[PDB]
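The chain below stands alone and is given as structure tokens, in the form deposited in one PDB entry.
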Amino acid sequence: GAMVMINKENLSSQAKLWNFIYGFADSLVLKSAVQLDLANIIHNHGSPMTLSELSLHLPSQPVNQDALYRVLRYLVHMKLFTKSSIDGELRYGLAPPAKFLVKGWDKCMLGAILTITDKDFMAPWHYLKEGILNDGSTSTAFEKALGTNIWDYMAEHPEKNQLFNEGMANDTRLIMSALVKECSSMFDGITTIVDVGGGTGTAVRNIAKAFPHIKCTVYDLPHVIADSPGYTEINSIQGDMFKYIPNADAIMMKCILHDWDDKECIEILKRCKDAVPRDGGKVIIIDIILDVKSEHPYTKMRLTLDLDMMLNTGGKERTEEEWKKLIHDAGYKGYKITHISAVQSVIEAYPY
């Protein structure tokens, strides 16, 4: 026969499944709280607010207060918001992790939330089964869901292009402080730096501010340079990194190589290696290093980004051994990793 349960049906176990099943409700209630701007209304107010006070300051009128109350109840249970009785009224405040929903500082995560929880950008995740049972198609889930590869898609959907670029801009804002402070020594002796696939320029604008004697260049596809603010002292160049990388003292690539498979990464890395000087040239790779032996705060989300790449770009997240092999195969002399308390780490690859 088969297992016969006779006692003791375990509730915690079943609740864990329900919680995974409804994982999307956490993503999409969070999206709503962001769109309603609840955290900033409260933070600007400076004290907990009643339901009525909150309603008066929402993005539009009128407001369904029953719905607002129910969403706030869910948000309090997430431990993002608080509810308490103060001078005989129920008032809503912020819990410590809501600080990342508050505008006006480098760790505000709003742009990234709005990109990642976008309905069209979530669609490829519905094609995960088809990424394993391919039926002879080599297209990405992104292409299956949205018509074509991610980069050509952005070239043909300017609003999507801008939403994605601002998500990556936000991701970059999260790490720049640690980067320029903890890793200042990496920028010593550099006169020129090109941020390859540098997006709408958050990384170069920050490096250029911190290191006023380095001539900075941002390089990306035309449709991304087109969605970028004008430049004065920073060179803005458009092109295809598979065909050309602008020569400089250093090259940086943040969230680039995780987009591409091994053979492509080797082609990109070889191109960067030949763009930097034999005498102190370096390539600064900023991407996730997956630890598959121990658990860290960002482990869960790094494994998520592995599948995110599998579905959206055709890339992957890499363990240290995997990075080592890639850098070896591109013909570099060695590498050095620097952790910066972020999702991504810094990997310097030294061609000589």
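We call the rigid core the largest set of C-alpha positions that still match within 1.5 Å between the two forms. Quick note: we count residues from 1 along the sequence shown, nothing fancier.
The discussion below concerns the form deposited in another entry, not included here.
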Inset, instruction - With the core superposed, find the residue in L110, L174, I116, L94 that moves its CA 2 Å or more between the shown form and the other one. - result: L174
Inset, instruction - Taking the rigid core as the superposition reference, indicate whether the CA of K83 shifts 2 angstroms or more between the shown form and the other one. - result: no
Legend entry - CA of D306, rigid core aligned, shift of 2 Å or more between the shown form and the other one: no
Legend entry - Core-superposed C-alpha of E322 shifting 2 Å or more between the shown form and the other one: yes
Inset, instruction - Regarding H157 and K103, go with closer or farther for their CA spacing in the other form versus this form, the difference being 3 Å or more. - result: closer
Legend entry - Distance direction in the other form for the C-alpha atoms of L36 and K160, relative to the displayed form (3 angstroms or more): closer
